[PDB]
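Mind having a look at this structure? Questions to follow.
We call the chains A, B, C and D, going by the order they appear; numbering starts again at 1 in every chain.
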Amino acid sequence: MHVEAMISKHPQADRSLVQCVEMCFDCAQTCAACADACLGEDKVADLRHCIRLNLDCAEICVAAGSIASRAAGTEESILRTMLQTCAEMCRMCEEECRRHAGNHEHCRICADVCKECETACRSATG
Amino acid sequence: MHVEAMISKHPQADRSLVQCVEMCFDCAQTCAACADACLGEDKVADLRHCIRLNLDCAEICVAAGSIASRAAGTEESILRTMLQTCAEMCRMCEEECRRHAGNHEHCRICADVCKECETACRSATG
Amino acid sequence: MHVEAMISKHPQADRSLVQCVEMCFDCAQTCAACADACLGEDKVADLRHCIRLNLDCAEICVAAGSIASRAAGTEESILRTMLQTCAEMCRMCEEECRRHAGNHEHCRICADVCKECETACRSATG
Amino acid sequence: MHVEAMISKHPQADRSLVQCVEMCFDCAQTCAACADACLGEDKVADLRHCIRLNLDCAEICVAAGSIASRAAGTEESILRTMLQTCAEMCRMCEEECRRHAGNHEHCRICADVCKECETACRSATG
């Protein structure tokens, strides 16, 4: 990614923010991938809630990553509110993915990414 | 829109929810349009914060409308948290658009739509 | 929606474009709803491809509607290319939803909306 | 990112695809960042078209990256069409960012990322 490079060249120009942006896109892609993999499983009926939570997590992580890419200045912003929402979403998604992690390696990877994004988003709210 | 029609045919099948979904997409489109119109104004330098807030509002309204389109059942969901975030975003965007409404009719229309979406999102959290 | 009202107040200021924008958001919401309803069906395993195509259609319709909301001027734009892609996507999604329409009323509604969006997007490329 | 790891664990389980997905998210974030930086410049009026093209590029790159994250199987997909559209979008955005690269380092970085994403998307269509 180019998050760090672009922040430094912004005319209104932060490690916690760079890490949060990176993780939001990483998590958005991973959740999209996890939902699609759950949809291909023989036992797809067992994974309905996990697919649904992945879909919401991918939507909220993209939104958060976009908002946070525009949060390099000092002006009022929705950033902290959005990051709290992303954190809560990632917490929910992680718990459900974690529950299937013994059965589906893709859900283990997704749960780990959601946990990391949750942590990153919380850290950026400081 | 087909929000009402699709909710009723959902196998896990609410006026406040239908109104919120409709308004989130209406507001997403209106904010996207408002940012683009502000970008075309002679006095674009005066509208920087308004463009930025429109961009964040369009992102959050789409996300909210998507999440709420999947919230027709009884299972745990990020819905209330997301709708509070949308409400707060629309409040911010409305205030800035409102400030330019005497000068730019497109900002008057956008402020009115943001106010309505804010109200709809708050009502759906009940 | 406020598409027509916002186009007329744009400083660079078209019926086919207003109809396309409206339909793209209508279709994005309807496909999101259809995927979520398919995920709740007893026979979810039979609907894997339909869910997947709905997810791609909702993503592409939002993108198209956003791009087209910014296409009110005369400058070079990705608009025609994006609308052709939306048309092709809606065609694919319609065919799969249509196949399940006798079994699931939500897929009948979605197929009808996808057909209309396809038509609208093609008309706006003129 | 976790693109490579998730592809390998997909029940329907490609270097060109992993590179395209990674680049689409990298480019989406970079274009979002570039538009926000152009909005903060003293000479924002000179950057209107660049901001607009960045906004469309961020929208199309996210959509492409999402679609391509679900393209790990053999079934019919919009993937090739979407990747051609992303390529064309990145080409347009690159040319405009490149034009400002002598004046704004953020536009130099964005033009380089758009060029790479364009190349990656074209390579994945093979």
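In this section, contacts are C-beta pairs under 8 Å (C-beta built on N, C-alpha and C of every residue); 3 or more make two chains touch, one makes a residue touch a chain.
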Query raised in the report: Comparing A-C against A-B, which pair counts more contacting C-beta pairs?
Result: A-B
Report task. Using residue numbers, check each pair in B-D, B-C or C-D against A-D and return the one sharing over half of the contact pairs. Result -> B-C
Query raised in the report: If you average the CA atoms of chain A and of chain B, how many Å lie between those two points?
Result: 22
Query raised in the report: Which integer distance in Å separates the CA centroid of chain A from that of chain C?
Result: 26
Query raised in the report: Counting only residues that touch at least 2 other chains, which ones in chain B make the list?
Result: 36, 40, 52, 55, 62, 66, 70
Report task. Write out the stretch or stretches of chain C touching chain A in their complex. Result -> 35-36, 39-40, 44-45, 48, 51-52, 55
Query raised in the report: Quick one: in the complex, what on chain A touches chain D?
Result: 1-3, 5-7, 9-12, 21, 25-26, 28-30, 32-34, 36-37, 40-42, 58, 62, 65-66, 69-70, 72-73, 104-106, 109-110, 113
Query raised in the report: What residues on chain D touch chain C, complex-wise?
Result: 49, 52, 55-56, 59-60, 62-63, 66-67, 70, 75-78, 81-82, 85, 88-89, 92
